[PDB]
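K.L.:
So here's work_11.cif (mmCIF, C-alpha atoms).
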```
data_model
#
loop_
_atom_site.label_atom_id
_atom_site.label_comp_id
_atom_site.auth_asym_id
_atom_site.auth_seq_id
_atom_site.Cartn_x
_atom_site.Cartn_y
_atom_site.Cartn_z
CA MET N 1 -89.01 124.48 70.33
CA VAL N 2 -88.45 122.63 67.06
CA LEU N 3 -87.82 118.99 66.17
CA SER N 4 -86.51 117.73 62.85
CA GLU N 5 -88.66 115.33 60.82
CA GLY N 6 -86.21 112.59 61.73
CA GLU N 7 -86.69 113.49 65.37
CA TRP N 8 -90.48 113.34 65.12
CA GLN N 9 -90.11 109.94 63.44
CA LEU N 10 -88.05 108.72 66.38
CA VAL N 11 -90.85 109.93 68.66
CA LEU N 12 -93.58 108.36 66.52
CA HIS N 13 -91.56 105.16 66.19
CA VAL N 14 -91.35 104.58 69.94
CA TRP N 15 -94.99 105.61 70.30
CA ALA N 16 -96.19 102.79 68.05
CA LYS N 17 -94.59 100.49 70.62
CA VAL N 18 -96.49 102.22 73.41
CA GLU N 19 -99.70 101.61 71.47
CA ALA N 20 -98.91 97.88 71.48
CA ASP N 21 -99.85 97.97 75.15
CA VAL N 22 -101.17 101.38 76.16
CA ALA N 23 -102.68 99.96 79.37
CA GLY N 24 -99.42 98.44 80.61
CA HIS N 25 -97.46 101.59 79.73
CA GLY N 26 -100.03 103.78 81.48
CA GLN N 27 -99.77 101.73 84.66
CA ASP N 28 -95.98 101.81 84.65
CA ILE N 29 -95.94 105.54 84.02
CA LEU N 30 -98.61 106.44 86.59
CA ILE N 31 -97.11 104.23 89.32
CA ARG N 32 -93.65 105.61 88.61
CA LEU N 33 -95.16 109.09 89.02
CA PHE N 34 -96.99 108.35 92.26
CA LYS N 35 -93.95 106.59 93.73
CA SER N 36 -91.58 109.43 92.83
CA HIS N 37 -94.07 112.18 93.78
CA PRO N 38 -96.78 110.94 96.22
CA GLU N 39 -98.38 114.40 96.52
CA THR N 40 -99.52 114.10 92.92
CA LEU N 41 -101.74 111.20 94.06
CA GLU N 42 -103.91 113.66 96.00
CA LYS N 43 -105.17 115.09 92.72
CA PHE N 44 -107.16 111.92 91.94
CA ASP N 45 -110.26 111.34 94.09
CA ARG N 46 -111.04 108.02 92.41
CA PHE N 47 -107.79 106.37 93.45
CA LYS N 48 -106.03 108.75 95.84
CA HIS N 49 -106.55 106.07 98.48
CA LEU N 50 -104.15 103.73 96.68
CA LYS N 51 -100.98 103.16 98.71
CA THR N 52 -99.13 100.08 97.45
CA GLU N 53 -97.90 99.24 93.99
CA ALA N 54 -100.05 96.13 94.32
CA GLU N 55 -103.13 98.27 94.99
CA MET N 56 -102.03 100.47 92.09
CA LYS N 57 -101.66 97.59 89.62
CA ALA N 58 -105.06 96.25 90.64
CA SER N 59 -106.76 99.64 90.26
CA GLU N 60 -109.17 99.86 87.31
CA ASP N 61 -109.40 103.63 87.78
CA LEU N 62 -105.63 104.08 87.44
CA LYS N 63 -105.49 101.71 84.47
CA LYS N 64 -108.31 103.54 82.67
CA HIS N 65 -106.76 106.88 83.55
CA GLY N 66 -103.42 105.81 82.14
CA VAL N 67 -105.11 104.82 78.89
CA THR N 68 -106.91 108.15 78.63
CA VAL N 69 -103.71 110.13 79.32
CA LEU N 70 -101.58 108.23 76.82
CA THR N 71 -104.31 108.22 74.16
CA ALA N 72 -104.63 112.01 74.36
CA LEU N 73 -100.84 112.37 74.32
CA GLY N 74 -100.41 109.99 71.41
CA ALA N 75 -102.88 112.11 69.44
CA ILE N 76 -100.95 115.32 70.14
CA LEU N 77 -97.56 113.80 69.28
CA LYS N 78 -98.81 112.60 65.91
CA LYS N 79 -99.50 116.25 65.08
CA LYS N 80 -95.76 116.84 65.22
CA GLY N 81 -96.17 120.39 66.47
CA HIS N 82 -99.45 121.46 64.87
CA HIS N 83 -101.51 120.27 67.82
CA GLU N 84 -103.41 123.45 68.65
CA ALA N 85 -106.81 121.81 68.08
CA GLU N 86 -105.83 118.79 70.20
CA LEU N 87 -104.56 121.08 72.97
CA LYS N 88 -106.93 124.04 73.52
CA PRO N 89 -109.13 121.44 75.35
CA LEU N 90 -106.37 119.49 77.19
CA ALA N 91 -105.91 122.95 78.71
CA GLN N 92 -109.33 124.45 79.50
CA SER N 93 -109.71 121.24 81.53
CA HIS N 94 -106.65 120.94 83.86
CA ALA N 95 -106.80 124.67 84.13
CA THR N 96 -110.36 125.24 85.28
CA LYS N 97 -111.43 121.69 86.16
CA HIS N 98 -108.57 119.95 88.00
CA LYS N 99 -105.92 122.66 88.34
CA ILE N 100 -102.91 120.49 87.36
CA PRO N 101 -99.61 122.36 88.01
CA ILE N 102 -97.01 122.78 85.25
CA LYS N 103 -94.49 121.17 87.58
CA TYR N 104 -96.63 118.00 87.69
CA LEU N 105 -96.48 117.81 83.89
CA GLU N 106 -92.70 117.91 84.31
CA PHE N 107 -93.02 115.00 86.73
CA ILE N 108 -95.03 112.85 84.32
CA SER N 109 -92.64 113.66 81.47
CA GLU N 110 -89.81 112.16 83.55
CA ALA N 111 -91.93 109.05 84.26
CA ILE N 112 -92.71 108.68 80.54
CA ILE N 113 -89.05 108.89 79.45
CA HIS N 114 -88.01 106.51 82.22
CA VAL N 115 -90.69 103.96 81.36
CA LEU N 116 -90.03 104.13 77.61
CA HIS N 117 -86.32 103.65 78.20
CA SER N 118 -86.97 100.73 80.56
CA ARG N 119 -89.36 98.90 78.23
CA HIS N 120 -87.61 99.67 74.93
CA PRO N 121 -83.89 100.22 75.71
CA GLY N 122 -82.74 98.77 72.40
CA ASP N 123 -84.26 101.56 70.33
CA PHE N 124 -85.05 104.35 72.81
CA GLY N 125 -81.49 105.67 72.93
CA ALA N 126 -80.03 109.13 73.46
CA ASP N 127 -81.40 110.37 70.12
CA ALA N 128 -84.93 109.08 70.78
CA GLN N 129 -84.88 110.35 74.38
CA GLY N 130 -83.69 113.76 73.27
CA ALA N 131 -86.45 114.04 70.68
CA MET N 132 -89.13 112.85 73.14
CA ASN N 133 -87.87 115.31 75.72
CA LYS N 134 -88.11 118.13 73.18
CA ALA N 135 -91.58 116.94 72.22
CA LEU N 136 -92.82 116.90 75.83
CA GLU N 137 -91.15 120.25 76.53
CA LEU N 138 -92.87 121.81 73.52
CA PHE N 139 -96.06 120.27 74.89
CA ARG N 140 -95.60 121.76 78.35
CA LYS N 141 -94.86 125.25 76.98
CA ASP N 142 -97.95 125.33 74.77
CA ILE N 143 -100.12 124.14 77.67
CA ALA N 144 -98.62 126.83 79.92
CA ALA N 145 -99.36 129.35 77.17
CA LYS N 146 -103.03 128.36 77.15
CA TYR N 147 -103.08 128.55 80.95
CA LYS N 148 -101.53 132.03 81.08
CA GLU N 149 -103.75 133.04 78.18
CA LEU N 150 -106.59 132.05 80.54
CA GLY N 151 -105.46 133.62 83.82
CA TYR N 152 -104.44 130.31 85.42
CA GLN N 153 -100.89 130.35 86.79
CA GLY N 154 -100.32 126.59 86.75
#
```
So that I can check it, write out the structure of this file as structure tokens.
P.N.:
Amino acid sequence: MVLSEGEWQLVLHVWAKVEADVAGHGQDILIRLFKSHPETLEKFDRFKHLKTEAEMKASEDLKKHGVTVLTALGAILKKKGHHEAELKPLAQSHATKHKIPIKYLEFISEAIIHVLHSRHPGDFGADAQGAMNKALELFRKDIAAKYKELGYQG
């Protein structure tokens, strides 16, 4: 996986917009994920009892979780590929602590692209979406590498 500098800039450009309202983006993304794939909800004991979008939007746990997820992602994306140090840990965790499947990461990637497109359609075009997809794909592969490198078959 390799993105051009122009492609990383497209990614970083849309990401600055996400940072203008991390909380709102995290809620959109997480709800989109739980609505598209309800089984994923079972992996969160603090808000796995949330059923409606209303209950989801009112959840402080989901909101805070969205902010933590996006913050960690935003930090890895800014590395533009050299994110080993900001990844070794994002791995040891979901590998030994939560056991988050690779397929679920594919689910959240779809929610992220959908939400970014929906909230910023004027700039998040085919080029930007293609670069973000490549970025998240690179991200999934490296995480899967750390898993495998650690015995976990996510």
K.L.:
Applying the PyMOL selection byres ((chain N and resi 68) around 12) to the file I just gave you, which residues come out? Please list them as a ChimeraX atom specification.
P.N.:
/N:22-23,25-27,30,61-67,69-75,90
K.L.:
As an exercise, work out the distance from CA of residue 33 in chain N to CA of residue 102 in chain N in Å and give it to one decimal place.
P.N.:
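Interatomic distance here is 14.3 Å.
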K.L.:
Could you give me the centre and size, in Å to one decimal, of an axis-aligned box around all listed atoms of range 24-41 of chain N with 8 Å added on every side, as JSON?
P.N.:
```
{"center_x": -96.7, "center_y": 106.4, "center_z": 88.1, "size_x": 26.2, "size_y": 32.0, "size_z": 32.8}
```
K.L.:
Contacts of residue 39 in chain N at 12 Å or less, counting only C-alpha atoms, minus same-chain residues fewer than 6 places along, as a PyMOL selection string?
P.N.:
chain N and resi 33+48-49+51+100-101+103-104+107
K.L.:
Run the PyMOL selection byres ((chain N and resi 152) around 10) mentally over the shown coordinates, then write out the matched residues as a PyMOL selection string, using the chain letters and numbers from the document.
P.N.:
chain N and resi 92+94-96+99+101+144-151+153-154
K.L.:
As a PDB file, in the frame of the given file, could you write out range 69-85 of chain N once it has been completed with N, CA and C atoms?
P.N.:
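That gives us out.pdb:
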```pdb
ATOM      1  N   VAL N  69    -104.844 109.207  79.385  1.00  0.00           N
ATOM      2  CA  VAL N  69    -103.710 110.130  79.320  1.00  0.00           C
ATOM      3  C   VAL N  69    -102.823 109.873  78.105  1.00  0.00           C
ATOM      4  N   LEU N  70    -102.437 108.616  77.926  1.00  0.00           N
ATOM      5  CA  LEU N  70    -101.580 108.230  76.820  1.00  0.00           C
ATOM      6  C   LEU N  70    -102.258 108.368  75.459  1.00  0.00           C
ATOM      7  N   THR N  71    -103.557 108.101  75.404  1.00  0.00           N
ATOM      8  CA  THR N  71    -104.310 108.220  74.160  1.00  0.00           C
ATOM      9  C   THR N  71    -104.319 109.688  73.716  1.00  0.00           C
ATOM     10  N   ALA N  72    -104.596 110.585  74.653  1.00  0.00           N
ATOM     11  CA  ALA N  72    -104.630 112.010  74.360  1.00  0.00           C
ATOM     12  C   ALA N  72    -103.240 112.525  73.972  1.00  0.00           C
ATOM     13  N   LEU N  73    -102.208 111.976  74.610  1.00  0.00           N
ATOM     14  CA  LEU N  73    -100.840 112.370  74.320  1.00  0.00           C
ATOM     15  C   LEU N  73    -100.425 111.853  72.949  1.00  0.00           C
ATOM     16  N   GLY N  74    -100.738 110.588  72.689  1.00  0.00           N
ATOM     17  CA  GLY N  74    -100.410 109.990  71.410  1.00  0.00           C
ATOM     18  C   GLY N  74    -101.021 110.768  70.256  1.00  0.00           C
ATOM     19  N   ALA N  75    -102.198 111.340  70.481  1.00  0.00           N
ATOM     20  CA  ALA N  75    -102.880 112.110  69.440  1.00  0.00           C
ATOM     21  C   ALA N  75    -102.189 113.450  69.197  1.00  0.00           C
ATOM     22  N   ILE N  76    -101.646 114.039  70.255  1.00  0.00           N
ATOM     23  CA  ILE N  76    -100.950 115.320  70.140  1.00  0.00           C
ATOM     24  C   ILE N  76     -99.574 115.165  69.498  1.00  0.00           C
ATOM     25  N   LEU N  77     -98.891 114.067  69.817  1.00  0.00           N
ATOM     26  CA  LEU N  77     -97.560 113.800  69.280  1.00  0.00           C
ATOM     27  C   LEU N  77     -97.608 113.555  67.781  1.00  0.00           C
ATOM     28  N   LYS N  78     -98.670 112.900  67.327  1.00  0.00           N
ATOM     29  CA  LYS N  78     -98.810 112.600  65.910  1.00  0.00           C
ATOM     30  C   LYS N  78     -99.011 113.857  65.087  1.00  0.00           C
ATOM     31  N   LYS N  79     -99.302 114.968  65.759  1.00  0.00           N
ATOM     32  CA  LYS N  79     -99.500 116.250  65.080  1.00  0.00           C
ATOM     33  C   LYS N  79     -98.151 116.877  64.770  1.00  0.00           C
ATOM     34  N   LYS N  80     -97.114 116.358  65.421  1.00  0.00           N
ATOM     35  CA  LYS N  80     -95.760 116.840  65.220  1.00  0.00           C
ATOM     36  C   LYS N  80     -95.620 118.351  65.323  1.00  0.00           C
ATOM     37  N   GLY N  81     -96.280 118.950  66.307  1.00  0.00           N
ATOM     38  CA  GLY N  81     -96.170 120.390  66.470  1.00  0.00           C
ATOM     39  C   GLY N  81     -97.416 121.195  66.167  1.00  0.00           C
ATOM     40  N   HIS N  82     -98.222 120.750  65.208  1.00  0.00           N
ATOM     41  CA  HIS N  82     -99.450 121.460  64.870  1.00  0.00           C
ATOM     42  C   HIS N  82    -100.581 120.781  65.627  1.00  0.00           C
ATOM     43  N   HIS N  83    -100.543 120.909  66.946  1.00  0.00           N
ATOM     44  CA  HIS N  83    -101.510 120.270  67.820  1.00  0.00           C
ATOM     45  C   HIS N  83    -102.414 121.245  68.562  1.00  0.00           C
ATOM     46  N   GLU N  84    -102.583 122.438  68.009  1.00  0.00           N
ATOM     47  CA  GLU N  84    -103.410 123.450  68.650  1.00  0.00           C
ATOM     48  C   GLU N  84    -104.816 122.913  68.948  1.00  0.00           C
ATOM     49  N   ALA N  85    -105.460 122.342  67.936  1.00  0.00           N
ATOM     50  CA  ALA N  85    -106.810 121.810  68.080  1.00  0.00           C
ATOM     51  C   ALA N  85    -106.909 120.683  69.107  1.00  0.00           C
TER      52      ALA N  85
END
```
